[PDB]
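Coordinate inspection notes
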Amino acid sequence: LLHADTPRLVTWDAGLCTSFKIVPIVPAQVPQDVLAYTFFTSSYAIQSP
Amino acid sequence: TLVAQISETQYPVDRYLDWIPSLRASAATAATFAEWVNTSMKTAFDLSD
Amino acid sequence: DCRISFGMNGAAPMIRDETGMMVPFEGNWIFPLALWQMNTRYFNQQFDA
Amino acid sequence: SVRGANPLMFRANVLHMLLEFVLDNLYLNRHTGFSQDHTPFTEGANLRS
């Protein structure tokens, strides 16, 4: 009654707001017989979203 | 007169060098450019303040 | 949006013209320099030969 | 069983899950600081950091 724990209601965020993430479930086959590896962009170390 | 050449501004400047490619400089880019101009003029006129 | 697709089974590879058409690797093209700057690695592996 | 759950309580569990979801996503959004794009991938856009 004489003093109650004041809540903390003003807090800040710095990263990007999000709650859903995309995760790989099965690895691809970047070396294969039909299509040469120079086709794919993983062979060039390109960063994809 | 110089900063009006590498950014969008209402100042009438007669706009000579346009065949040379460039990007629309933002505040920070134009600020770095203006700093180089400043230090160059100070060096030329032998100033330190 | 220049995009390459490997021609399979002997067909030549094609590239995505600005008007939507796909064209082989021959003739006379017109690039902006920004394309080659964006894909300096993937382009020369395809074009140098 | 460590791998079993009572089906007659999925609703209560999901209500608690949604409550914790909302309670977790209660933050404000900081303004960090941007940076001009020095490459030709975008039209000189300003990017977060």
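Residues numbered from 1 in each chain as written, not as in the entry; some residues may be left out. Chains lettered and ligands numbered in written order. Part of a larger assembly, values for the part shown. Heavy atoms only, no water.

- Header annotation of the entry names cryo-EM as the structure determination method and lists the resolution as 3.0 Å.

1. Concerning the arrangement of the chains
- In this assembly, 4 pairs of chains are in contact, and the pair with the greatest number of contacts comprises chains A and D.
- For chain A and chain B, which are not in contact, the least C-alpha distance works out to 22 Å.
- With respect to C-alpha atoms, chain B approaches chain C no nearer than 11 Å, and the pair has no contact. (Contact = heavy atoms within 4.5 Å.)

2. Overview of the interface of chain A and chain D
- At the junction of the two partners, chain A supplies 6 residues and chain D supplies 9 residues.
- Both sides of the chain A and chain D interface together cover about 790 Å² of buried area, and 55% of this is carbon and sulfur.
- Three residues, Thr11, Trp12 and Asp13 of chain A, lead the burial of chain A against chain D; their summed loss comes to 59% of the area buried on that side.
- At the junction of chain A with chain D, the criterion picks out 0 salt bridges.
- Our count for the contact surface shared by chain A and chain D stands at 5 residue pairs in polar contact.
- Class assignment of the residues belonging to the side of chain A that touches chain D gives a composition of 3 nonpolar, 2 polar and 1 charged.
- Bridge analysis of strand β1 (residues 12-13) of chain A against strand β1 (residues 28-29) of chain D gives 2 bridges, and the strand direction is parallel. Looking at β1 of chain D, one finds that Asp13 of chain A is bridged to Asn29 of chain D. (Buried area = accessible area lost by both parts, 1.4 Å probe. Salt bridge = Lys/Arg side-chain N within 4 Å of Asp/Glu carboxyl O. Polar contact = N/O pair within 3.5 Å; in protein donor to acceptor, adjacent residues only side chain to side chain. Nonpolar A, V, L, I, M, F, W, Y, C, P; charged D, E, K, R; others polar. Pairing = 2+ DSSP bridges. Helix = DSSP H or I, 4+ residues; strand = E, 2+ residues; numbered from the N terminus.)

3. Comments concerning the side chain of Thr29 of chain B
- Positionally, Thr29 of chain B belongs in helix α1 (residues 27-45).
- With a relative accessible area of 18%, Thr29 of chain B lands in the buried category.
- Contact partners of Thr29 of chain B, with chain neighbours within four places excluded, come to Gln36 and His38 of chain D. (Buried < 20%, exposed > 50% of the residue type's maximum accessible area, 1.4 Å probe, protein only.)

4. Concerning helix α2 (residues 40-47) of chain C
- Among the residues of α2 of chain C, those classed as buried are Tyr42, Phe43 and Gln46 of chain C. The arc that holds every buried residue of α2 of chain C, seen down its axis, measures 95°, which confines them to one face. (Arc of directions from axis to C-beta.)

5. Some points on the sheet that holds strand β1 (residues 4-5) of chain C
Residue and element names in this part refer to chain C.
- In spatial order, the strands read β1-β2-β3; together these 3 strands make up an open sheet with antiparallel pairing. The strands lining the two open edges of the sheet, one partner per strand, are β1 and β3 (22-23).
- In terms of strand pairing, strand β2 (residues 14-16) meets β3 through 2 bridges, oriented antiparallel. Along β3, the bridge assignment pairs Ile15 with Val23.

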